[PDB]
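Here's a solo chain for you in structure tokens, the form deposited in one PDB entry.
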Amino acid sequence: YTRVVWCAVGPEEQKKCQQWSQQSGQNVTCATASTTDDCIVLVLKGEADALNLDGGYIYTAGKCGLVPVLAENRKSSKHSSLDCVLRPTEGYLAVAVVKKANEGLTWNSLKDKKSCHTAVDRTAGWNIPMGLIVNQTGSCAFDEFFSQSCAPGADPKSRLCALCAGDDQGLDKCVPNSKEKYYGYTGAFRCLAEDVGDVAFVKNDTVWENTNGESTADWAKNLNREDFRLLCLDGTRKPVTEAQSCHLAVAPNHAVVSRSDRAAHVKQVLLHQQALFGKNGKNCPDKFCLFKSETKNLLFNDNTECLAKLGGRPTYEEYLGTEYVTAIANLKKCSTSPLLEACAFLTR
């Protein structure tokens, strides 16, 4: 057991995994399934060793006995002195992004509006918002709070899989991988911009990245900041600029996970794989780059500087937080999750 078996979600992520694998020298190899939940099943079964996961999926991974290995990190505003791999992890800002166009659409007016979702179970997309809606209404009927929505991974027939478009042909509509046109940070934000939904549930960084021609993608070229406002909890409406005083909650950074045994191994292999193929990687852009996927945030986020280390070797709880673990657990009192049911039965 020297090779590291990486699970890729969907085919777009599989192509990038191939390259990584060829170029690594079989040092890192590929497994693939259609969803993140599926891939977390591969790691359990041991048809794979590791993948990078949104907090959301980490809770799940975490309940199923998997542990975090490295956390993504990105451009800070402090000590350039400290090495990226030792630079402390910041944690991203989950926001509800609307258009200034949409008059009188505050947080409290979201009732029966249209919504764009990264995916079900994800932090910014789903846990932070649906957490705060579900609690406030003291109702588990989140499935009925928005008139219509795009949350891939939700029931394809249901009204959360209304606005979801699919791929090139409109096949495999509302599947939680990149094949879905409105999937992920980017796909949800395209959704708000193309005016399919009144609000998007993505992160601060997503907005900037896809506004003011900071994006080669056709749909994001023209877009400008002032045509997008942030809903604050208290009820106010503020510009994307003021995300510090107008954000729903603080997200823990997309970590990598594995089984316990394979953690230390996976740690070493990755620290070396990123030294080779990272942003400041000898063989980047010489042969292949791991943190570049064509604004498709494949395997890792594109805004990822490196993968920093985890102080005190922490539990899924310790990493995510006691606050956000409480939030998820409550929201999850409202749903049945087969994966999370099975793991409970077979990690008692």
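All residue numbers refer to positions in the sequence shown, first residue = 1.
What comes next is about the form solved in complex with a partner chain, which is not displayed.
Q: Just one of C289, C64, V43, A308 has a heavy atom within 4.5 Å of the partner chain in the deposited complex. Which one?
A: In short, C64.
Q: Mind checking whether each of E72, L271 and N301 has a heavy atom within 4.5 Å of the partner chain in the deposited complex?
A: No, the whole trio is out of contact, none within 4.5 Å by any heavy atom.
Q: Going by a heavy atom distance of 4.5 Å, is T60 a contact of the partner chain in the deposited complex?
A: Flag for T60 set to yes.
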